[PDB]
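Lettering of chains follows the sequences in order, A, B, ..., and the numbering in each one begins at 1. Side chains are part of it too, since the values below use all heavy atoms of this structure and drop only hydrogens, waters and symmetry mates.
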Amino acid sequence: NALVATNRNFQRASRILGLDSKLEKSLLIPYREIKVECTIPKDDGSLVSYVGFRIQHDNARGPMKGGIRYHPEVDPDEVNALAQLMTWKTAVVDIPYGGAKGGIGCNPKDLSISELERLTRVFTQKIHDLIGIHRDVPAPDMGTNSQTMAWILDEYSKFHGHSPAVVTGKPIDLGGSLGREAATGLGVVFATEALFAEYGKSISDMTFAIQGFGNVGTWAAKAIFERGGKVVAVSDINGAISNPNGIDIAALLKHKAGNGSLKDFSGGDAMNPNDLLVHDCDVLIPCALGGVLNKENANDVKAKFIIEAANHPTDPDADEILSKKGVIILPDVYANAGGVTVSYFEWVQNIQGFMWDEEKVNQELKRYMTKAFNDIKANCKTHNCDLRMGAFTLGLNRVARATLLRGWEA
Amino acid sequence: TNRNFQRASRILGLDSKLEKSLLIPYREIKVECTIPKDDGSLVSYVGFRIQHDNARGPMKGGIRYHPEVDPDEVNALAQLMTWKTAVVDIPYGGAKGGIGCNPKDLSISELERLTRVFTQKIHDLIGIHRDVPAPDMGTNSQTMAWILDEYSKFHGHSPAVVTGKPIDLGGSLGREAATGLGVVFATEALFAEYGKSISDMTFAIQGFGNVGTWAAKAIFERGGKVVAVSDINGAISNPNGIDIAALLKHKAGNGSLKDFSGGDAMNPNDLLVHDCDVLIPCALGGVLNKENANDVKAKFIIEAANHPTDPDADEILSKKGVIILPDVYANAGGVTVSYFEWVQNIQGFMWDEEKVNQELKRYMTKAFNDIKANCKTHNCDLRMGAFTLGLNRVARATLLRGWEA
Amino acid sequence: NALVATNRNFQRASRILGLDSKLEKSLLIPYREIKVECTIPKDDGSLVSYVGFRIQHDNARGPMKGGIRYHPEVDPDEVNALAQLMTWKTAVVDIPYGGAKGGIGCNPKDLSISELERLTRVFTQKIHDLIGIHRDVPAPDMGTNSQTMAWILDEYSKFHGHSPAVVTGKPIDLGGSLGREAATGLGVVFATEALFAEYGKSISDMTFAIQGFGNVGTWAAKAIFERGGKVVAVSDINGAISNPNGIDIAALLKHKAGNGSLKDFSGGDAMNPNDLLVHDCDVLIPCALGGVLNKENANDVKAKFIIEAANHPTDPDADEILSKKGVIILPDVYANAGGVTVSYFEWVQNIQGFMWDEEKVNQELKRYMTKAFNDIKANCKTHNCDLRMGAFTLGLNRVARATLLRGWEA
Amino acid sequence: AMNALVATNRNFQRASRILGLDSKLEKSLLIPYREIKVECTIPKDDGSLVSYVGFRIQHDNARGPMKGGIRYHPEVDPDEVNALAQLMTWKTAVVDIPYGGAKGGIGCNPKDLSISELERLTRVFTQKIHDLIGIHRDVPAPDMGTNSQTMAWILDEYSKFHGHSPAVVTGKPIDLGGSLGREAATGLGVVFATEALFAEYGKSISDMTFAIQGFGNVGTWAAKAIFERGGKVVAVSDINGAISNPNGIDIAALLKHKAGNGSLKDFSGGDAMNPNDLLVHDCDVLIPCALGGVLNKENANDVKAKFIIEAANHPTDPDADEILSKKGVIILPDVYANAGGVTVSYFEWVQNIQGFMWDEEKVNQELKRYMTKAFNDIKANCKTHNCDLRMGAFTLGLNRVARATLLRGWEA
Ligand SMILES: NC(=O)c1ccc[n+]([C@@H]2O[C@H](COP(=O)([O-])OP(=O)(O)OC[C@H]3O[C@@H](n4cnc5c(N)ncnc54)[C@H](O)[C@@H]3O)[C@@H](O)[C@H]2O)c1
Ligand SMILES: NC(=O)c1ccc[n+]([C@@H]2O[C@H](COP(=O)([O-])OP(=O)(O)OC[C@H]3O[C@@H](n4cnc5c(N)ncnc54)[C@H](O)[C@@H]3O)[C@@H](O)[C@H]2O)c1
Ligand SMILES: NC(=O)c1ccc[n+]([C@@H]2O[C@H](COP(=O)([O-])OP(=O)(O)OC[C@H]3O[C@@H](n4cnc5c(N)ncnc54)[C@H](O)[C@@H]3O)[C@@H](O)[C@H]2O)c1
Ligand SMILES: NC(=O)c1ccc[n+]([C@@H]2O[C@H](COP(=O)([O-])OP(=O)(O)OC[C@H]3O[C@@H](n4cnc5c(N)ncnc54)[C@H](O)[C@@H]3O)[C@@H](O)[C@H]2O)c1
Ligand SMILES: O=C(O)c1cccc(C(=O)O)n1
Ligand code: NA
Ligand code: NA
Ligand code: NA
Ligand code: NA
Ligand code: NA
Ligand code: NA
């Protein structure tokens with residue numbers, strides 16, 4: 001479905017732009033695909049052999065960027081589609097990168113921490129010439145973390161010198177940026193703020209229902225709460241909580257960190273999490289799974305705004321139903337781009353040799369998200385299209401323009 | 001097919017974990033190759049390189065410009081080059097690459113631009129001591145000149161980066177004849193073990209192209225009797241020996257084989273089953289199948305073509321009494337002389353053709369001796385002696401390099 | 001000494017932290033030691049041969065950094081201690097460097113300016129592949145100066161292109177930073193302000209005695225005076241002056257620029273310099289020699305605060321005595337760090353391709369000095385220790401953390 | 001014993017005075033081009049950390065890329081590595097191969113480390129010096145405590161940083177571009193050099209009895225080559241014990257015993273002897289093949305051999321030289337007699353650079369050619385300066401380095 005949704009959005013946007021068929025063919029072909037043998041000794045000395053890989057989709061706008069997944073199931077169509085989508089997404093928010101996606105076909109549950117280190121270092125040895133601060137910047141993904149990136153940094157720097165900017169998502173001690181925890185949820189709020197200004201409204205005039213309460217939902221709920229927004233309902237995997245007068249989100253957060261489930265929180269009524277998406281509210285924010293809005297519940301959605309924080313929460317069936325009802329849907333490719341934008345800031349700070357304080361990180365995040373919204377809005381006017389297509393046409397057109405300007409002669 | 005590797009793996013008793021590593025390629029690469037056509041419209045192709053193993057040296061192998069690309073065939077071919085270089089003890093591993101395109105669709109200016117863009121996209125992955133490409137289906141010495149010229153912009157003047165070059169740009173002498181002459185060097189060595197010489201024998205030769213012409217020529221000069229030669233149009237037969245010098249002369253005059261008066265035209269389907277001591281398939285593979293294997297008058301088959309001998313015949317032959325010099329060794333004269341080209345280039349100083357053929361004879365002779373010894377150690381036929389030898393050298397090189405990071 | 005002080009502080013700090021002994025062993029082994037032949041023709045054509053050297057102690061937190069000494073008496077134990085100290089010091093103030101120290105065993109008085117240039121250039125030819133903008137960044141030291149740095153820059157750049165960030169201490173015209181002359185004395189005053197903020201106090205109306213009146217003391221006294229502080233005593237090697245109402249420091253500096261003697265200044269009374277450290281004041285700032293506070297005068301100190309600007313002005317006996325008297329000692333490794341901090345800023349400005357104005361240098365210096373004090377203070381609470389151990393444990397732990405995150409597999 | 005660098009510098013001073021070298025040129029030639037000490041920290045097999053310091057001393061490169069081995073031995077320290085690196089500079093000039101001198105090592109006991117720990121240590125050391133070595137820069141090789149397997153690991157790790165580079169190290173396995181003849185080269189060169197010396201007396205290896213200290217790469221192949229030429233090897237020692245037979249030890253049987261993990265003291269074809277008595281054994285020829293400084297003022301007067309062939313580097317210190325000279329003992333110096341190894345290393349490097357290997361007949365033919373030329377040059381130098389063999393070789397090599405240094409010049 002990453003392939004499904006990305007191909008649907010690409011093909012719609014290509015038709016709106018009237019992209020030349022042969023240019024389109026080139027844009028769908030990855031710059032480079034790499035597979036390398038990664039063999040290490042286990043702690044007891046016996047050999048294990050894996051295949052590492054990196055799909056480098058496009059670099060017309062700058063170095064490639066994307067996660068390293070340590071996971072046993074590798075679908076090449078999915079890896080390829082997510083690298084492509086990162087190319088479009090970086091273009092939507094105007095950060096100077098293209099897309100890439102990589103990983104190792106392994107199960108890290110079966111590897112000791114020393115084996116995981118050796119594996120990471122060997123993988124880095126096999127691809128050091130194909131990545132680089134100005135070439136391809138890896139990041140964490142499923143099965144990898146900031147410790148993984150520290151090992152890439154350390155091994156890479158043997159081949160090319162000290163190079164903090166070669167990976168993002170590093171530990172603070174090795175050049176990681178401040179503000180990364182909050183970046184995605186705070187970015188969702190920044191985007192929502194720019195959207196509501198088009199109506200001369202602000203966060204404080206609105207009620208909100210939030211599906212999911214993890215990294216994205218907690219910080220979004222917090223940033224909404226601090227700006228006057230009333231969060232009337234919140235769900236997660238195990239329950240849901242409701243209050244028409246707004247939930248005290250600071251109290252809810254502290255009830256969470258104390259290991260208290262949503263349903264048995266005092267400042268609200270327990271509700272059925274299956275009712276959250278059709279809950280009475282102005283604004284619905286899916287922050288959990290994709291595919292949650294479809295033909296079966298779209299007609300019962302009450303919000304007038306849907307802020308797509310999760311990946312692909314709205315099926316096309318529901319997209320069309322919801323637009324007809326006049327529902328305004330801020331698309332995922334834009335709305336959840338706070339995380340990737342701050343990872344750009346990490347790279348900048350490393351390149352600059354000089355880290356930013358958190359206030360500057362968040363001022364630049366606000367500036368980037370607001371400008372992207374204005375650019376999306378201007379594209380909707382140009383093409384008389386919805387926000388989702390305003391975004392994809394914006395990102396696709398920037399990649400096409402950069403590609404056409406670079407040209408093709410040898 | 002993995003049959004030969006699997007057979008040899010079990011003779012050697014290769015460790016399962018080592019075997020798994022040896023089958024995973026070092027690196028597989030695919031790159032976009034987009035060029036403007038002569039009319040400025042774009043065309044996009046995918047170039048690729050499978051770099052199987054470099055335990056024993058830089059990788060080596062052809063670049064195919066051909067539309068049908070099957071990744072499993074490309075991988076098998078890169079792997080076979082790793083074993084084959086090890087059989088004749090030249091310091092390379094195996095690779096194979098290409099561009100999925102039909103060169104007949106492209107002008108020569110378009111093919112040059114495509115070759116140069118491909119080189120631009122892989123220049124950091126190849127190199128004199130990393131991976132050395134060569135011609136293959138759809139490419140030739142002009143293709144290699146373009147790669148050399150473009151690669152040298154990135155890394156300086158680097159003649160050794162490709163083989164099969166034009167002579168004017170560092171190509172070696174002796175390349176035409178290398179494979180067919182190497183076939184005759186290999187069989188001279190084989191027959192030595194039984195106290196016989198080329199002159200002592202009669203030869204039937206299937207095919208009369210780059211391999212067949214040179215093989216028959218070199219046999220004729222060593223006193224062998226060539227009594228039957230096949231090709232596509234016709235065939236000729238003379239049971240006391242064809243005058244090859246004249247048979248070639250007659251080919252230079254667009255002359256067909258049947259029209260050769262120095263013998264009697266025969267049915268080309270009646271060559272593999274012609275009466276002779278030695279049969280040398282030099283045209284197609286899969287010519288010796290189960291049914292037609294019984295109808296074989298020769299006691300020696302020198303495998304010049306690739307896989308001329310179906311695996312059915314391998315069982316039979318041995319029963320019928322036939323000694324099979326296997327293709328992986330017997331036709332390796334061509335790859336051996338491509339190593340010599342590389343050597344001459346990095347030495348900055350070309351050899352004369354006498355030296356090329358001296359070294360070719362030395363390399364083929366030692367490889368046969370190394371193969372025969374292995375056969376005694378493991379007590380196997382010539383095909384497995386060779387495959388065990390090549391696999392074992394790659395395994396040994398890999399084990400000596402080690403596994404720690 | 002400077003070797004025994006560093007050893008004693010490293011040792012005490014390592015035991016507060018509980019550093020594993022194998023980790024400690026690694027940390028005290030330098031990354032790399034270099035000795036190179038440096039042979040030049042003298043102006044008359046005859047040869048002279050010297051040994052140049054560079055100890056590169058640690059790079060877990062970033063490129064190495066440190067001075068180049070042209071001096072005949074080379075003690076390897078001292079050079080090594082000074083490289084290690086720089087590793088701890090840069091960590092105390094969160095600058096992204098490790099420590100190094102180098103030099104040439106020569107006497108610059110014996111050498112003409114053209115001989116010194118050729119020697120500098122040959123030394124650069126012999127070590128250029130071992131240093132670098134992201135590898136090891138030299139600086140002036142005893143027997144060298146900004147002109148020496150210009151020659152290193154010029155010769156290095158023949159091998160690597162224009163590389164202004166490869167050395168600090170450069171001439172302004174070749175990328176040197178503004179603000180370097182005031183940096184250490186101003187940094188002392190920023191550090192003092194951060195300390196007194198913890199008591200709800202500002203410098204104004206507090207009284208200061210200052211031992212030494214050179215680069216550090218003059219700028220410290222000026223920065224104090226401009227902030228309303230009362231500088232009631234100043235001494236140097238030739239005399240001392242006092243005024244209980246506060247010396248007009250502007251006038252005193254004007255007097256000293258006319259080569260006037262401290263004891264002769266008209267806006268005060270001559271005093272015996274031996275009575276400075278025991279003068280009646282709120283704040284004592286040793287800005288001259290080390291070891292000036294020992295067991296046989298520590299009991300007669302009357303200040304409540306000591307701001308260590310000189311290297312090791314307080315021996316361990318005095319430390320002991322003054323703690324038991326209730327005296328608060330801001331330690332040298334932190335308090336005089338403004339000079340090393342501004343040399344970091346020079347490197348930043350060079351990397352960024354754009355020099356800062358002086359207001360910006362001083363704003364970032366105040367930010368770095370304040371944040372470092374806040375981190376030290378917090379460390380004192382964590383480990384229940386004094387400011388000196390709070391600073392050393394802070395720097396040593398940052399190096400250890402970075403080393404452990406980087407890991408040990410090859 | 002005497003400090004190895006004090007000893008070697010004394011020999012350097014004496015040779016400089018024979019040559020009348022300019023004082024400022026002498027001072028420059030003494031000082032090494034580059035000395036490097038690096039931290040080498042690895043996890044052990046159980047995961048715990050151990051830290052060593054590694055050394056690469058690059059003494060002089062006027063005559064070409066620098067050259068010398070890597071020693072893994074507990075006594076490796078800066079003085080020992082500096083002494084060895086300087087001797088490499090003189091020795092490469094003696095045989096006139098286009099190299100300068102370097103040496104490296106790690107203070108460790110390989111006996112105490114597993115094979116995977118030795119591979120990790122070797123790989124980390126290579127990570128720490130890869131930027132200092134190179135085909136045309138500095139070319140290592142195996143010394144005490146290392147072998148061709150160690151070199152394979154250096155080759156493999158180095159090639160990650162600079163691409164496949166067979167000629168970056170010599171002493172490689174044959175499977176990875178090593179030269180036929182290299183493993184046997186130092187022992188065979190010792191025999192070529194000894195035959196040249198004994199011929200000046202009309203004598204042959206078969207006229208002599210031999211005692212050998214050390215039974216590693218040098219001692220084994222030296223014993224084998226002597227044995228195959230009819231020499232009577234009457235005593236052999238190593239670190240664990242020693243064996244003696246006045247009628248001559250069957251060296252082929254001793255090597256088979258060694259191959260089977262047997263100890264010298266247990267070999268049935270001889271009598272166990274105290275290794276501490278090897279150097280004063282009654283023999284015609286003493287060949288030290290182990291550590292340096294082992295002939296000193298404390299035992300030199302008790303040497304009974306009439307010839308000493310220095311297969312080890314710097315086994316005889318200057319005090320012992322004087323004592324032995326007054327006893328009428330002739331010493332074939334390390335800088336000539338043991339140069340077969342670095343000479344065949346040169347051939348290995350040449351073969352790698354040429355991408356085309358030689359057969360063993362050619363290797364050994366060129367080795368004998370180089371050793372013959374050098375002995376004749378040494379003889380001439382002894383006559384010119386009326387000096388002993390050590391100074392004949394030392395001044396030969398020192399003079400060649402000086403000439404090359406003067407040609408290259410001093411401006412920046
Ligand atoms: N594309 C991007 O760059 C990007 C960035 C960040 C997050 N996201 C998307 O945001 C979503 C959440 O990410 P996250 O980091 O917050 O995850 P997380 O794991 O931190 O939190 C997920 C939350 O969703 C809840 N949840 C899971 N299944 C649920 C269900 N069926 N009903 C209700 N609640 C459910 C969990 O209990 C938890 O509260 C995902 O779609 C993720 O892919 C996208
Ligand atoms: N593995 C290697 O490195 C290697 C090297 C060189 C050649 N070869 C093999 O050698 C064989 C021939 O190569 P070549 O260079 O001589 O080819 P070529 O194209 O120069 O000539 C091939 C000849 O085969 C003959 N021929 C073709 N179809 C025939 C048919 N149906 N019946 C009888 N004869 C027929 C004709 O004489 C034709 O000219 C092929 O199998 C090739 O793969 C292998
Ligand atoms: N570690 C660092 O990064 C760093 C940075 C700068 C300075 N420092 C320390 O600060 C000290 C002072 O530095 P500076 O640059 O101002 O030196 P400076 O040479 O500019 O001035 C030294 C001053 O001390 C006075 N003085 C010397 N001996 C004296 C004595 N016995 N009694 C009284 N006054 C005496 C001199 O007359 C002069 O006023 C340095 O020596 C060093 O200890 C440390
Ligand atoms: N390997 C070469 O090519 C080469 C070349 C020229 C010179 N050398 C010199 O030869 C000497 C030996 O080198 P190697 O390669 O044979 O080393 P190795 O590690 O292969 O063997 C050294 C031998 O010395 C023995 N030994 C160690 N300490 C001893 C002691 N105290 N008493 C007696 N025996 C002892 C060991 O047990 C072993 O038998 C060294 O001086 C070395 O520098 C080596
Ligand atoms: O091949 C070499 O470089 C080498 C190796 C070990 C010792 C020596 C030596 O001491 O000459 N030279
Ligand atoms: Na593309
Ligand atoms: Na283990
Ligand atoms: Na493999
Ligand atoms: Na260290
Ligand atoms: Na002059
Ligand atoms: Na020197």
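In this structure, D:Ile31 and C:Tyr50 have side chains that are not in contact, with every pair of non-hydrogen atoms separated by 4.5 Å or more. Annotation: side chain of C:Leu153 is not in contact with side chain of C:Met149 (no heavy-atom distance under 4.5 Å). The shortest distance between side-chain heavy atoms of D:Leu121 and D:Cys40 falls below 4.5 Å. Within the 4.5 Å cutoff, the side chain of C:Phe53 has no heavy atoms near those of the D:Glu35 side chain. Counting only heavy atoms from C-beta outward, the side chains of D:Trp410 and C:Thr39 approach each other to under 4.5 Å. Using a 4.5 Å cut-off on side-chain heavy atoms (C-beta onward), D:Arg10 and D:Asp319 make contact. In this structure the side chain of D:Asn352 never reaches within 4.5 angstrom of the side chain of D:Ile135, judged on heavy atoms. At least one side-chain heavy atom of C:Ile131 sits less than 4.5 Å from a side-chain heavy atom of C:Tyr156.
Closest approach of D:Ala141 and D:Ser345 over heavy atoms only: CB-OG, 4.5 Å. The two residues C:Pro72 and C:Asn107 have their closest heavy-atom pair at CD-CA, 4.4 Å. Contact between D:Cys387 and D:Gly392 at its shortest, heavy atoms only, is SG-N, 3.5 Å. Among all heavy-atom pairs drawn from D:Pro32 and D:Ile57, the shortest one is CB-CG2, 4.1 Å. For D:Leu367 against D:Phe347, the heavy-atom pair with the smallest separation is N-CE1, 3.4 Å. The shortest non-hydrogen separation linking D:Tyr370 to D:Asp96 is CE2-O, 3.8 Å.
Listed by chain and residue number, D:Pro318, D:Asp321, D:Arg390, D:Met391, D:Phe394 satisfy the side chain to side chain contact (heavy atoms under 4.5 Å, CB included) test with D:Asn11 (two or more places apart in sequence, or in another chain). The side chain to side chain contact (heavy atoms under 4.5 Å, CB included) search around D:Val401 returns D:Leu29, D:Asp60, D:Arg63, D:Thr89, D:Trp90, D:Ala93, D:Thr405, not counting sequence neighbours. With sequence neighbours excluded, the residues that form a side chain to side chain donor-acceptor pair (under 3.5 Å) with D:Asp377 are D:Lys373, D:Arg400. Under the salt bridge (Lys or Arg N to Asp or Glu O under 4.0 Å) criterion, C:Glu155 pairs with C:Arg121, C:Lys158, sequence neighbours left out. D:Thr8 meets the side chain to side chain donor-acceptor pair (under 3.5 Å) test with no other residue; sequence neighbours excluded.
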Could you go step by step and tell me if D:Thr186 and D:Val344 meet the side-chain contact (heavy atoms from CB on, under 4.5 Å) rule?
-> CA-CA 8 Å; D:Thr186 307; D:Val344 175; over 6 Å; no
Could you go through the side-chain contact (heavy atoms from CB on, under 4.5 Å) check for D:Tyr336 and D:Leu396 one step at a time?
-> CA-CA 10 Å; D:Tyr336 170 56; D:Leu396 185 70; over 6 Å; no
Test D:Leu25 against C:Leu47 for side-chain contact (heavy atoms from CB on, under 4.5 Å), laying out the working first.
-> CA-CA 8 Å; D:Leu25 173 64; C:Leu47 301 182; 5.6 Å; no
CA sep, side-chain torsions, deciding dist, call: D:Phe12, D:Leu398, side-chain contact (heavy atoms from CB on, under 4.5 Å) | CA-CA 8 Å; D:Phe12 169 85; D:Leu398 178 55; 3.7 Å; yes
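Among residue pairs with one or both ends in residues 138-148 of chain D, those qualifying as salt bridge (charged side-chain N to carboxylate O under 4.0 Å, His left out) are D:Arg56-D:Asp138, D:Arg71-D:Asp143, D:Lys103-D:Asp143; sequence neighbours excluded.
Judged purely by atom type and a 3.5 angstrom limit, C:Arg118 has no side-chain atom pairing as donor or acceptor with the backbone of D:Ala412. When atom types are taken as modelled, the side chain of D:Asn217 and the backbone of D:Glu183 share a donor-acceptor pair closer than 3.5 angstrom. A distance-only check finds no donor-acceptor pair linking the side chain of D:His314 to the backbone of D:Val294 [under 3.5 Å]. Between the side chain of C:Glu115 and the backbone N or O of C:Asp43 there is at least one donor-acceptor pair closer than 3.5 Å. Between the side chain of C:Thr148 and the backbone N or O of C:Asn145, at least one donor-acceptor pair lies under 3.5 Å. With hydrogens and angles disregarded, no donor-acceptor distance shorter than 3.5 Å links the side chain of C:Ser163 to the backbone of C:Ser157. A distance-only check finds a donor-acceptor pair linking the side chain of D:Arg17 to the backbone of D:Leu21 [under 3.5 Å].
Separating the CG atom in C:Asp154 from the CH2 atom in C:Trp151 is a distance of 11.0 Å, to the nearest 0.5 Å. Once rounded to the nearest 0.5 Å, the distance linking CG of D:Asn9 with CG of D:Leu30 reads 5.0 Å. Note that the CG atom of D:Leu406 and the CG atom of D:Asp22 stand 8.5 Å from one another [nearest 0.5 Å]. Rounding to the nearest 0.5 angstrom, the gap separating the CG atom in D:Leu19 from the CZ atom in D:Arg14 is 12.0 Å.
C:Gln84 and C:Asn80 share a donor-acceptor pair across their side chains, judged by distance under 3.5 Å alone. Inspection of the C:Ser26 and D:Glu39 side chains reveals an N or O donor paired with an N or O acceptor under 3.5 Å. Under the 3.5 Å distance criterion, with hydrogens and angles disregarded, a donor-acceptor pair is assigned to the side chains of C:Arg32 and C:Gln56. A donor and an acceptor atom, one from each side chain of C:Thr120 and C:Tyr70, are located under 3.5 Å apart. Side-chain contact check for D:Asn313 and D:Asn338: at least one donor-acceptor pair (N or O, by modelled atom type) lies under 3.5 Å. One side chain, C:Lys65 or C:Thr168, offers a donor N or O that lies under 3.5 Å from an acceptor on the other. Defined by atom type and a distance below 3.5 Å, a donor-acceptor pair is missing between the side-chain atoms of D:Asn381 and D:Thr384.
Partner C:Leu116 forms a side chain to side chain contact (heavy atoms under 4.5 Å, CB included) with one of C:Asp110, C:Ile104, C:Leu111 and no other, that one being C:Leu111. Each of D:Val335, D:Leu389, D:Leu332, D:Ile331 was checked for a side chain to side chain contact (heavy atoms under 4.5 Å, CB included) with D:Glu310, and the lone residue meeting it is D:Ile331. Evaluated for a side-chain hydrogen bond (donor to acceptor under 3.5 Å, both in side chains) with D:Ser179, the options D:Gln351, D:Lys172, D:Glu348 yield exactly one hit, D:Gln351.
Atom CD of D:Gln354 is surrounded by more than 12 heavy atoms from other residues, nucleotides or ligands within 6.0 Å. Within a 6.0 Å radius of NZ in C:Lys42, other residues, nucleotides and ligands contribute more than 12 heavy atoms. Within a 6.0 Å sphere centred on NE2 of C:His160, other residues, nucleotides and ligands contribute more than 12 heavy atoms.
In this structure, D:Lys91 fails the cation-pi test against D:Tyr99, since its NZ or CZ atom is not both closer than 6.0 Å to the six-membered ring centre and inside 45 degrees of the ring normal.
Between D:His164 and B:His129, the angle of the ring planes lies from 30° to 60°, which puts this pair in the tilted group.
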